[PDB]
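What follows is one structure encoded as structure tokens, with my remarks underneath.
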Amino acid sequence: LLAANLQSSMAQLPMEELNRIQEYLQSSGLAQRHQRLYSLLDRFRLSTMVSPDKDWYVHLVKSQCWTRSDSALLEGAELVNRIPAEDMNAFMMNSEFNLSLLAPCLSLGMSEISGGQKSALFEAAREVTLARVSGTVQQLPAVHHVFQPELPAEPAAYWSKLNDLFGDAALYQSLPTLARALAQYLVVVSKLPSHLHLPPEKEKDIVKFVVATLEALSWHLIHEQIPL
Amino acid sequence: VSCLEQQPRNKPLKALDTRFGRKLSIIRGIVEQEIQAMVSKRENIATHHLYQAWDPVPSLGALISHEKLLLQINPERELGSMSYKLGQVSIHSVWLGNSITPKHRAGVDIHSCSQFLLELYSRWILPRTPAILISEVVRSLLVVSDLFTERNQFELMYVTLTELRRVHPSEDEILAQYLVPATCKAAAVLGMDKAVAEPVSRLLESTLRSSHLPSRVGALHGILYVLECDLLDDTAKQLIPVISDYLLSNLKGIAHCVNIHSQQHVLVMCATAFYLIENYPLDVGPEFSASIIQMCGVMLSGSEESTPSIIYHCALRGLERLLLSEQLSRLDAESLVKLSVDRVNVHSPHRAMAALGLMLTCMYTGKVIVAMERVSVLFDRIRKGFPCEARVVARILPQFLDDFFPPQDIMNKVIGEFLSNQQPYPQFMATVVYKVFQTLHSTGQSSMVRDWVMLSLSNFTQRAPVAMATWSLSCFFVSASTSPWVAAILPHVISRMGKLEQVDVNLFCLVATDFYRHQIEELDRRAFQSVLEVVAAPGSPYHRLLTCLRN
Amino acid sequence: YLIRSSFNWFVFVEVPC
Amino acid sequence: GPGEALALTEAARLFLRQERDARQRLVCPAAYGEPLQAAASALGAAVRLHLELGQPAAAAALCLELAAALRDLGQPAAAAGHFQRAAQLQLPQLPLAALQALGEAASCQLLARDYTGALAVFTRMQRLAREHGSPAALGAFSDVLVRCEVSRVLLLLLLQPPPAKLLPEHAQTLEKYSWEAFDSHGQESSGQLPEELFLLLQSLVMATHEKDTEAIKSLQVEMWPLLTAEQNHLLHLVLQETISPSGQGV
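Residue numbers (the deposited numbering), protein chains in the order written: chain A, 2021 to 2069, 2095 to 2273; chain B, 2526 to 2585, 2591 to 2632, 2663 to 2687, 2693 to 2932, 2953 to 3105, 3107 to 3137; chain C, 2 to 18; chain D, 83 to 216, 256 to 371.
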């Protein structure tokens, strides 16, 4: 379109279509994935006419760690480890926090506990893991029925509610993400200091969550394919 | 949840309580955690989590942490193998746990079981009784005696077996392999007085000649039990010479081609030699120690095919204990340092990672340019190792530098190995440069950071891609910083290594600015802009930063 | 675009576009 | 001669059945391997005998029987060594038998987590398969090349060798799945692999270049039906080492 005569190329690609394509490539983020293409499109438009303080650091870490991503999690865990202990819990408990950081955070924090020192990161990540585990168990039906792959025999009272809870995308993706963090805590809980052992008020919620996670994985096999 | 108790034969090392011993425990603890993750059999771990190694060794009680068993697990056990082996519990543990020296496991009364079985088995092998069953009953005694808890149980077993030895035919094979180690285990718990020692020595010495290989391996476990005793001189001057001749005869032949030979035979022979060198250093012959170290070196200098991985780790972890044991003569200890460096330079990550552990214990046991020939092996292993090796070599390197050198002697190498086009892992080297510069800021030595930043800034602007030159400088100005909130961002810089978006330029400008506001006199403040102006072409990050400095 | 780093075969680096 | 060798195979298999009873059929916690030590000593004498009798293919059979036993009994590192001894004894006379033995050694090294060792055995196989089986391969050797290609690419994405260990054969293999220049499509298939599996491997090798973890997660579920379970384990390790790198102590 640039090499051809302009009076033909302006008829092949109108300015309203060029502006639609430009806006779409930015809103989809495909402009950052294909920078050569976007540069050539804006060329075609031209041819057709600080102080680094605490709160700056918290804004910097937020730009990485309040996302959805799995790309740089060990580096992301080290960044939240330098957020002050009095800011950590509210930073992790926010809706926008990346739940994929919780296992890295427990693993990094355990390496401080096994070094003979207190870990504020381990304490915050453990409390957030347990609070989120209880917070999703509260959304299950109040009376549990056995999962049986052959027969959803109790439709209105129960299996309709599970078909709304599993397959939601937003909820289903959270369960094995939290289960990675809960497993990272449960594999260390016998090695931990006495006050960091499992709360006796959380033991039923933990069994309900574990059951619901294998039920969600089984539901995904039936309605879709092999889980990740 | 559980696997069988181990109580190993080797005591905690005192060398690790010293000032340099404590520093060795941190660095060799990093290398241990990675050897475990890479080659452990993981037999007591169900889940994928890499750093969950533990051993079934209770405080003679709660489990002793893997950190605190560092070179204590028995050499002839394969790494992470939790299966029953002849040798599970040491005689010093039978004595210390039962308060005998020459009953309830988990609510269960094991005294009742072991008492009942002694009564059955003694009456059933000493009546006219099936030969197919005698060996299986004596196997049962050899195993079940790990549960025995009163001295009269071992007395009854010793009497029963020494009767069975004169009752049963002299042409036997399938019994002897249980009878020898069971008799020696009993005799060893009974303390090797002259009333028991001469019978036991005569059984051990004669059964080392047995054609059946399990009868020899059983004799060698018998020897490992009796060597825990405070032996009488008249036994030590006669028994120890027979063991050392048997070891030098059978190891010196096989060492060049180990994989042709049975693994448990080589592993038990090494374990005897290491226990003899550590605990009987004056009594064992002058060619011993030296000759063992040489023929273990011939095993380590083999190929991935001729020396199996489990035997490689056994021989190495044994030699590594012998050097932190103070008991070597200096010519043996110095010969082991010469054997170590030639085995770091190999293909396989796990064989090299183990040889690195050995080199570290040598260098912290030796506490002037010869250390520099060692540090260049660590930098070479970052350059030519797989990522799983190089990331581990890069984690230990800051402490190795700080423990063996004045900073000035290695500051040239640290920055050059981060800048080199032959560096595959500049993001691993960034954390080394950081930990070296932040150490200099902790020791009040901040002037040396002003110097080495400015002395090297023109090497950084000669990085070939502009993304890799804008990066690297962002690592350098983060590593040099005195502001804690700037020194915190290095993981955010490391995660963005290939990138050149507007935020990657803005960060470079900010972190270079704050160094220019808070750490750079006019002669430096000008020369910094002069080295920058050479690359300040109209669109470059250096032009964008020169505007921020020049205002 | 992205291009291969020369110092490591598995590493890629950006070039201005 | 052959009767003595036969009797030693039966006397070895006696101890080996006795080991299988204690280890696999009874799962006995007290099963320290005295019969296995007797079986390995018995076959050690019998392999020496068959090689003095100058018949390598009959010694390699003992090595395959012992290698299979050590794998079943939970000792894959010892099995991988005996499979490579069988392969070396077969290779001057039976190249397909040797490739089959090296394929089992590579499976044993993968069981033992010895991924750099598995990578080297797959490269040896892919060389021998071109050398004896040829650019189109005969159908039996072609199935070996197809295994080695897919396994080597996933092992190279797992291990990521430095320039010092990116051998000519590794670089040559990987560039088929990669781009040479900023306007190259990536290479077209030589017809070695199914087109759908080849496009998914190119997509995987490209998603690891551009660090697209959402693409790797999508390609993992999409490739699951197309791979063997061993290759699905390799591809799981690539996604695992991508999200949680080894060697950091966390």
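From the three backbone atoms N, C-alpha and C, an ideal C-beta is built for every residue, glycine too.
- In terms of CA proximity to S2116(A), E331(D) leads the group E351(D), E331(D), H354(D) and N353(D).
- Taking C-alpha positions only, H2265(A) is separated from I2271(A) by approximately 7 Å.
- By the 16-neighbour rule on beta-carbons within 10 angstroms, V2955(B) is exposed.
- Between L3135(B) and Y3101(B), the alpha-carbon positions lie close to 8 Å from each other.
- One Cα belongs to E2195(A), the other to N2208(A), and the distance between them is close to 15 Å.
- The three-state secondary structure of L193(D), taken from DSSP, is helix.
- The alpha helix (DSSP H) runs of length 4 or more contained entirely in the segment 134-213 of chain D are, from start to end of the chain, 138-154, 158-172 and 177-193.
- DSSP places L2575(B) outside both helix and strand once states are collapsed to three, so it counts as coil.
- In the same chain as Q2602(B), and ignoring 5 residues on each side of it, the C-beta atoms closer than 7 Å to its own belong to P2533, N2535 and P2537, in chain order.
- The beta carbon of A161(D) sits closer than 6 Å to the beta carbons of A149, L152, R153 and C190 from its chain, once the five residues preceding and following it are set aside; these are given in chain order.
- Beta-bridge analysis with DSSP links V2619(B) to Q2532(B).
- Assigned with DSSP and collapsed to three states, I2570(B) falls in coil, not helix or strand.
- In this structure, the alpha-carbon of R268(D) lies about 42 Å from that of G2154(A).
- A Cβ-Cβ contact shorter than 8 Å links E2793(B) with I2621(B).
- Judged by DSSP secondary structure, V2564(B) falls within the alpha helix (DSSP H) whose first and last residues are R2544 to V2564.
- For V2782(B), same chain residues with a beta-carbon under 7 Å away, outside a window of 5 residues either side, are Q2829, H2830 and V2833 in chain order.
- Annotation for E92(D): the continuous alpha helix (DSSP H) segment containing it runs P84 to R102.
- In the structure shown, the three-state DSSP call for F13(C) is strand.
- The segment 3008-3024 of chain B makes no contact with the segment 85-96 of chain D, as fewer than three CB pairs between them are under 8 Å.
- A contact is defined here as three or more CB-CB pairs under 8 Å, and the segment 2876-2885 of chain B meets this definition with respect to the segment 2915-2930 of chain B.
- Of the residues assessed, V265(D) falls on the buried side of the cut-off, its CB having 16 or more other CB atoms within 10 angstroms.
- Counting along the chain, the unbroken beta strand (DSSP E) around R5(C) starts and ends at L3 to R5.
- Within chain D, the residues whose beta carbon sits less than 8 Å from that of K2615(B) are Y114, listed in sequence order.
- Beyond the five residues adjoining it in sequence on each side, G2627(B) comes within less than 6 Å, by CB distance, of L2585 in the same chain, given in chain order.
- The Cβ atoms of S3059(B) and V3034(B) lie no closer than 8 Å to each other.
- Across the set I2699(B), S3064(B), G2867(B) and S2611(B), the C-alpha of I2699(B) shows the shortest separation from the C-alpha of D2737(B).
- The beta carbons of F2971(B) and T198(D) sit closer together than 8 Å.
- Here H2664(B) carries a strand assignment [DSSP, helix/strand/coil].
- A Cβ-Cβ contact shorter than 8 Å links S310(D) with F319(D).
- As for any alpha helix (DSSP H) of minimum length 4 sitting wholly inside the segment 2883-2915 of chain B, the runs are 2895-2906, ordered along the chain.
- Residues of chain D whose Cβ lies closer than 8 Å to the Cβ of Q2270(A) are, in chain order, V342 and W345.
- Between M2757(B) and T2727(B), the C-beta spacing is not below 8 Å.
- Look at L2796(B) here: in three-state DSSP terms it is coil, with no helix or strand label.
- Here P2583(B) carries a strand assignment [DSSP, helix/strand/coil].
- At a cut-off of 8 Å between beta-carbon atoms, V371(D) makes contact with chain A.
- Look at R2056(A): its C-beta is not under 8 Å from any C-beta on chain B.
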